[PDB]
Amino acid sequence: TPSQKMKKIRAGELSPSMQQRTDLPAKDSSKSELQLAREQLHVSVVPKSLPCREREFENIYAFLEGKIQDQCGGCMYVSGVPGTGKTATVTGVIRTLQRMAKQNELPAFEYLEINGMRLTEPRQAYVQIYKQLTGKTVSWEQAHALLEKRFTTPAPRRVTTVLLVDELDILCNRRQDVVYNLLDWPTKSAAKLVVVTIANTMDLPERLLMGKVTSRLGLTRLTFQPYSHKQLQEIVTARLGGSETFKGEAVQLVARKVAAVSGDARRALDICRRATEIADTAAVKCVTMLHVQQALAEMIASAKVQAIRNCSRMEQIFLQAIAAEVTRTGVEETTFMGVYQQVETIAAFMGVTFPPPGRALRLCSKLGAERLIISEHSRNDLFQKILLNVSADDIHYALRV
Amino acid sequence: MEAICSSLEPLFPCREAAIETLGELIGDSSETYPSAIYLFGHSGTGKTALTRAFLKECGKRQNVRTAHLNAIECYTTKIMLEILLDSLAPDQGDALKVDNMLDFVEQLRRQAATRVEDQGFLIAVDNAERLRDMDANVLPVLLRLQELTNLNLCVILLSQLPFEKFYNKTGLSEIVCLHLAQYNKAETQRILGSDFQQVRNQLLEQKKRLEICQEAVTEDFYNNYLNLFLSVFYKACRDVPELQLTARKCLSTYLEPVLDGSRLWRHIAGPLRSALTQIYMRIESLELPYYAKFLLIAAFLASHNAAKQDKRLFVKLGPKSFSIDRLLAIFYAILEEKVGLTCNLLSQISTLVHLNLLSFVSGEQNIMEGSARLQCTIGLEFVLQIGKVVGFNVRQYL
Amino acid sequence: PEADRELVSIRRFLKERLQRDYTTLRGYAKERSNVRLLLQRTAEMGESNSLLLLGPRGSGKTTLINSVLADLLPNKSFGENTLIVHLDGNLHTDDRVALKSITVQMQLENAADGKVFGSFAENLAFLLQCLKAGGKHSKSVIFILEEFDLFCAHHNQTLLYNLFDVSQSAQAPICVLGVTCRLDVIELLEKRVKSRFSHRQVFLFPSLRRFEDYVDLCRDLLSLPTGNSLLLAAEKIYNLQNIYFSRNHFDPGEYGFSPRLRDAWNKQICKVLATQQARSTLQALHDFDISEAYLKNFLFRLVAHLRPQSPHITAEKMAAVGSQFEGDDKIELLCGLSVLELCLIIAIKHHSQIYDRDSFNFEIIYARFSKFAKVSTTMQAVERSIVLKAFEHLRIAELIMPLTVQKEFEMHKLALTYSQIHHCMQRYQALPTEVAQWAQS
Amino acid sequence: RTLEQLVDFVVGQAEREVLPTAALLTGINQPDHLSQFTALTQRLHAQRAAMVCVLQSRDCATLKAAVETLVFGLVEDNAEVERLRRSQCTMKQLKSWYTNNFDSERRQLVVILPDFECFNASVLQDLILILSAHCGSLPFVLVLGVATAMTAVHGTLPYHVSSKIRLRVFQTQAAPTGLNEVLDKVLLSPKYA
Amino acid sequence: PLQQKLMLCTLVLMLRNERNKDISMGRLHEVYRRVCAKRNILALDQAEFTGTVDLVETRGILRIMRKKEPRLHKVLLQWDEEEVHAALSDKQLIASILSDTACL
Ligand SMILES: Nc1ncnc2c1ncn2[C@@H]1O[C@H](COP(=O)(O)OP(=O)(O)OP(=O)(O)O)[C@@H](O)[C@H]1O
Ligand SMILES: Nc1ncnc2c1ncn2[C@@H]1O[C@H](COP(=O)(O)OP(=O)(O)OP(=O)(O)O)[C@@H](O)[C@H]1O
Ligand SMILES: Nc1ncnc2c1ncn2[C@@H]1O[C@H](COP(=O)(O)OP(=O)(O)OP(=O)(O)O)[C@@H](O)[C@H]1O
Ligand SMILES: [Mg+2]
Ligand SMILES: [Mg+2]
Ligand SMILES: [Mg+2]
């Protein structure tokens, strides 16, 4: 019966299996070189040694090796914009430390890991930490009690435990008891707990954490700066290996046009994959520069001029008249009645007749659906406020040119 | 199709084009329905009764499953889905459980069967203007319920408004708008004359008066009476129920020179203009205590007489707000007997508030602290009637 | 009779092609090939992708996904190595409801015939544990997120973060395909969700902005196709029903038209669409809305009038349905009012023209109306209560809106323009000349 | 006398779409007429012509609470003549509960509103529209407790709500008249020392 | 990055030349587009510009007051202008952008 199966699931005795394919997967020898480049340029394929993150690797490795060898416990906070190699470098450090512990060069340790965005409440961190120790799924009150009995009571031989906490800003709330508990347990001498906390903003400990939590969080911090155009090219030409599938100027264009916007590594490794997919359907074996140009135009999209050009005739007269009412009144927020007056003026100039204000309200709702304009519910006709979401110069670029 | 239209045209005169359009769209059950119909009109144009008769006739003659709602009883969406799935999946009993829109669509998808039986579903949602004041995924889902359930169904909406009051920030699907125009004078005369046989059979049951009744109560007599009735009553209302309800009583008053023995238009044109003054009242002297009367006229003088003027009047557009201290000051100014403040006077203030003769425009959480503001909610004629029954003139203090 | 039944079959065929037929599309050669190649590379090679179908409402976004899935699903290499999870932002209003639907549709070990056990956190942990334990040997999951902008409104975007995070991890090969109508849905995402999203965005702006493409579409939507094309489409629909919309589809195999009937109907349709009146009506519709849903609404209203007494489509019928489409409806509500409400609306228009759209009241409009009614000699005997009930009839029909106080003293706004009232004065039947003279001044 | 007229009104509706309703022009003093309504329920339960729910103004702050107390009052009333949780008190359960018992027999469903002026206006209008929507299926009679005058009824009921209303006015005696009757027949009676 | 440099320079220019410091995202994007079109660099649309300002918010230079629509989000500079001049370290570009009042 499924209820016994769920009681086995909460006990952790039955593996959460997933369905298997009926057909065997494709072999590596059948793949083309463009296909090998497209599967090496994936963002899920992490390298064993990350390029251009050697100094941060040395910093986190020296920190965690020192806290393991001294058997003391403490805390760390690494930060940076997304895509900058934080979680990959931290898990690479911990994989290197576990390889050292399996070769008896380091004392053995436990590695628990949670994520702030994989939880439905911040209180479920107690459930997910305790699940990775025993396997049992319990309530968060009993899990909190068992974790406090584990960490606050001295019991030789306690093994060192390393708790990585991704997305620390989600574990914060108003009361801040979960983050206080996770950063307060290293302060006790009975707990050999080393906490690494990953978040995005650099000033998270002073912005939204309290004073005692910022005191416990320490000052041993690391920042992951965004990738420059040299580093973000080195990453992609490391992923390609020794292959000659990509031109040298194409990767330089990808790095120069991604590093100027965000410094994300996922953005570059997705634009190069899209360029490979463009070069595949063009029946060529190399990814030249115009394939990268088409991929850069597709991924970094700007499709509001295409929407205004493909609007209907009455929609374009309405879009001209909202900008005319903005120019006339000066303010950016216009009521529907002045817009309809300018609509009838522009339609009288253009030689067309316009629909009545009901179908004009339908046009306003249709443009507000595309978010070309911002408009209210149509229950307040003739007095609803109409913001112009597109700029007024894009309308004149689309309807003249 | 033609059986439904041939059945509905007797009961609904002057609506042949609307019945014909609804028979074009959702008449036959074998042909596919449009995703939604929105018929609208004024009050009394017959959109609840026509869709009820259409849904009953379709469920009688064909394989359709109908569901007529009212959006006022559906204060949350679970009520609407429970009525909808009770009607569209009948004989489910007390085992029916609907949680949300997803479970409603998932249980409606199971109702699909083979195409040999030609089944359909029809949903009429009366008073559809309430759907925009609820959970904001009800009206977008109901306009595409045929696409979601992959089933031959139509969602009819009934309101007094155009569909241009219904567009929201997210956009809506296509709808087939239909108009029920209100009748002119000739169509309303035909509707009022369609029950001439029911009128004659009611009057023949209610003995010289019966033999003078049946010799002339005929078609042209009732048509001329309805002509004289609509000559004075069509100016104020075109509502067919109010005109029927007033025409019955005015016929009961009009028959008397014919029963007892032009030449009738004046004798009814008296009572016709007496009964015109009580249109929209559907009917088939406020005594108060003495200090309640003084407190009520003091509240009227406080709400009317421009509180800067109270220095000149008492020391010896909208109704203005006043505090309880100003009301008691005007009470002690106009009383001229100086009764002491007790429990019963301020209790009379509170029970005049509870009788809706006064009201609380502001405050109402701090009635005792002096920051509460009241306003009087009566007219001058009632105040003058109170001043007549008291002996205190108000127009000197006005 | 036999000639009466062939028109019944033609009307049923055209109605079923207009409302149903969720699979076949017209146009979109590059975008459909993009989506088809993306889902094929997800299902075959085990790649994890993400996509964002974008476009206006009414363009064929759902029809494109139905076409791509109906072309891929009878392959039995797609259909046996891939399970598909459909989610809707209107139906799955929370991450709890969406997650229980994901747990049911993937047939997980705690599903047990549509009744998921455990809390929301247990369902999330079991789903992430199931997807993390898989790999290239596992079945591909294809998530389809319709109304994708409403999934961004959920708390903390946990479902969007977890569906995009599996696409960037060494886990089960999933594909996240969002479909939404907003063109700037990517600024609704949080920066982590925006970082994990692969920014490929397919736009579906409709390719019938030119009027001749609109006329060609209206011709192809009314013509009767050849029997060989009907046989090919019926074979495709039978292969789709052999393996969701497939239960009640078009199924064009039940309809069979003789070649004389097809040639006569297509000749009459081309002859009508060559005229100037039908092209003027379609020009009015194309000037309003170039979407295919608007044209299909027009053609459904036109096909439904094919009674056996009038078997042909003609340009005057198209002109009648276009005149039905083009009219104002608040003018039709204004002509249904009695003369008392019309005099009240004339007094409201007079007050609004004098005081430059200032707010009015029942007392102000009753004063301005009583100044007319004493000298009108048709409105002398009206009580105050009847005019108040007429004011309430104007208020509940939303020709008067409040500024959102007693019922006779609330301030209001006129919801009409002056042109609508001026056209109502011309279209009104049996309006007395006293009111028509008071309306001009 | 007014009791007999109200019972004849309810029975004459039982002998027989707008709901029939009965405005009772009672006095200023609201605590005095709860005994009048209790006697009306006792006379309606004596003939078994109807079953009565009394909707106080304190129970009807919203439309949800008004419909819930209405269905709960009618269900518990018929339960007490010969229990559902209040969140399960819907109009569909009232229809099924009426179809189970009294469709085989026609028992009216009298709804007293003793303090008509204290009710919320919008909740009252929606309640009257709901009770008017269920006519034919469920027989509803709506006796009222209007205290001031009929102008309050004609003012708080708009154009659309009053069109579904078939009211008939009754008049209770004035409070000084009842005082003079008590003062002449009790406090001046010779039998009391 | 270059686009965050151009965003910060237009925010400093808009705060220097205007005494109303209630800057919306669309009003900032309109000045950013003209500054980019003056230097003949292709400007981002509103959808990438919102993510760019969101990435500058993480450094602590800004604080974005959230509203109902992403066009109406209010940017609030939380550094003084000399810290921005020292942090951008591209004074040849900063002095070129601050002297161009005409694109506002
Ligand atoms: N220096 C690098 N060399 C090679 N690949 C990299 C490098 N940095 C990042 N990547 C790739 O980019 C992806 C970045 O994901 P990662 O877990 O590093 O995000 P993050 O930096 O932790 O930020 P966030 O989790 O906030 O998005 C990884 O899948 C990794 O394969
Ligand atoms: N054309 C007609 N012929 C005969 N009777 C009619 C006609 N139109 C309406 N009626 C009668 O009028 C009565 C009330 O009409 P109905 O309640 O359908 O109007 P409604 O549009 O529902 O009003 P509301 O908008 O207030 O809900 C019905 O009993 C119906 O029989
Ligand atoms: N390219 C096309 N090919 C075939 N049919 C189309 C096309 N574009 C629009 N349609 C028709 O227009 C209507 C639009 O429906 P569809 O579901 O495809 O659009 P949608 O964008 O998903 O709508 P929504 O966003 O409101 O769900 C359908 O009836 C469809 O048949
Ligand atoms: Mg991470
Ligand atoms: Mg109705
Ligand atoms: Mg769709």
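Numbering, chain A: per Swiss-Prot, residues 519-919 in sequence.
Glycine residues also receive a Cβ, built from the backbone N, Cα and C atoms like all the rest.
For A:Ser533 (phosphoserine), no same-chain residue that is 6 or more apart in sequence has a Cβ closer than 8 Å to its Cβ. Here Swiss-Prot flags A:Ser533 as phosphoserine, drawing on experimental evidence.
Other Cβ atoms within 10 Å of the Cβ of A:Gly601 (ATP binding site), summed over all protein chains shown, number 25. Summarising the annotation, Swiss-Prot assigns ATP binding site to A:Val564, A:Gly598, A:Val599, A:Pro600, A:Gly601, A:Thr602, A:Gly603, A:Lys604, A:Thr605, A:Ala606, A:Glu685, A:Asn718, A:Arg784.
Contacts of A:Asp684 (Mg(2+) binding site) defined by a Cβ separation under 8 A and a same-chain sequence distance of 6+ are given as A:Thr605, A:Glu631, A:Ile632, A:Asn633, A:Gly634, A:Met635, A:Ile716, in order along the sequence. The feature Mg(2+) binding site is assigned by Swiss-Prot to A:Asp684, A:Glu685, with similarity to another entry given as support.
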**Request:** Could you list the residues of the same chain, at least six apart in sequence, whose Cβ is under 8 A from the Cβ of A:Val564 (ATP binding site)?
**Result:** A:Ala606
**Site extent for ATP, whole Å (max Cα pair distance, A:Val564, A:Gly598, A:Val599, A:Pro600, A:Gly601, A:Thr602, A:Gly603, A:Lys604, A:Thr605, A:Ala606, A:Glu685, A:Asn718, A:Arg784)** = 21
**Request:** Return the residue, from the listed binding-site residues A:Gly603, A:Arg784, with the maximum count of other C-beta atoms within 10 angstroms of its C-beta.
**Result:** A:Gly603
**Request:** Mind sorting out which of the binding-site residues A:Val599, A:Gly603, A:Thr605, A:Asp684 are close to chain E, meaning Cβ under 8 Å from one of its Cβ atoms?
**Result:** A:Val599
**Asked** In the structure shown, which of the binding-site residues A:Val599, A:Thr605, A:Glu685 has the fewest other Cβ atoms within 10 Å?
**Response** A:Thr605
**Request:** Return the binding-site residues from the list A:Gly601, A:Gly603, A:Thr605, A:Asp684, A:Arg784 for which some CB of chain C is under 8 Å from the residue's own CB; sequence order; 'none' if the set is empty.
**Result:** A:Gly601, A:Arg784
**Request:** Could you tell me which three-state DSSP class A:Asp684 (Mg(2+) binding site) falls into?
**Result:** strand
